[PDB]
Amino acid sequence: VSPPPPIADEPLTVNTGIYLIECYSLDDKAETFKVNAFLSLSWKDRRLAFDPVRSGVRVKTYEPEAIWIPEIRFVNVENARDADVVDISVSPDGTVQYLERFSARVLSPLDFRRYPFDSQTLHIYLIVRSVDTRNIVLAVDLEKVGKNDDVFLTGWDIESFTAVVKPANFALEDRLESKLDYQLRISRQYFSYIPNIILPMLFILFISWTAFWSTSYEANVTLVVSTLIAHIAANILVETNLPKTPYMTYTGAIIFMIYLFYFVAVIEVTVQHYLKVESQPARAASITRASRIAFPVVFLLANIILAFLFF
């Protein structure tokens, strides 16, 4: 229970694979997701080599404690993975085949710039630290990388699960570490956002614009202030499903812009009333008639500009 000795001076290659069984709990605010998968490991340990003829077997099954196993860890996990060894098999030439089933909570940053029309690349970083005896390097066995067809992540479409085959080798506390990047590509199912948030938010805004066909200040004040309050409710609802970002987001940009439209509508309603009281309704009529065209036109142009800047 020391590492396999090198024949010359070569690093020990540990072949890896991850096969996804379950994907769940993608938490946008926490920027975490839970995973249940198979982790497969393979390496050459000559001390375990045997003759098939003499032994009368083509495979040898060991218990984890009986042999040397590389200390493989995940970089971006909350706590160490919950793992259960499934099988350890040794071929006559000492080729070890290790299989474990694990569950882990993974930290992986999300880009919310295009929310809710966003795509993400979730990462699972595999790592191994070298020992004083020898250097350990990781490799990808593409034959053992995959996912169950039933793997579903509520509210998302799973595109692919692949591995960057070339490890990132680097020094950490005067020892070599070898890191692999497993990538889960997902795209958000934006469907439900349209009848639940986007269209209700547009309906209340268009309702505030009916004030441009009314001379009644008291009815106008009621129309614009009431719909503004409903917009505040939606702003609060949206920001509870999202983390605080150093950058602007598409939904955040639209929500912010709609406040400007409420603010300018209040100015218009105030200006209209003021002129009416001052016995200059001809003026007030010109501003109100212009507003009927200006507000939807500027709203459409501003949305085209925003969609262009974000997509």
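Throughout, we count residues from 1 along the sequence that is shown.
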Residue stretch of maximal mean CA temperature factor, 42-50 vs 25-33: 42-50
Higher-B stretch (mean Cα B-factor, as the entry records it), 148-156 or 99-107: 148-156
Given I186, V77, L237, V128, the residue at which the Cα B factor reaches its maximum: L237
Chain-relative CA temperature factor third for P296: middle
Third of the chain's Cα B-factor distribution that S178 belongs to, per the entry: lowest
Among modelled residues of the same chain, the CA temperature factor third for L260: middle
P116 by Cα B-factor - lowest, middle or highest third of the modelled chain: lowest
Modelled-residue ranking by C-alpha temperature factor, third containing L122: lowest
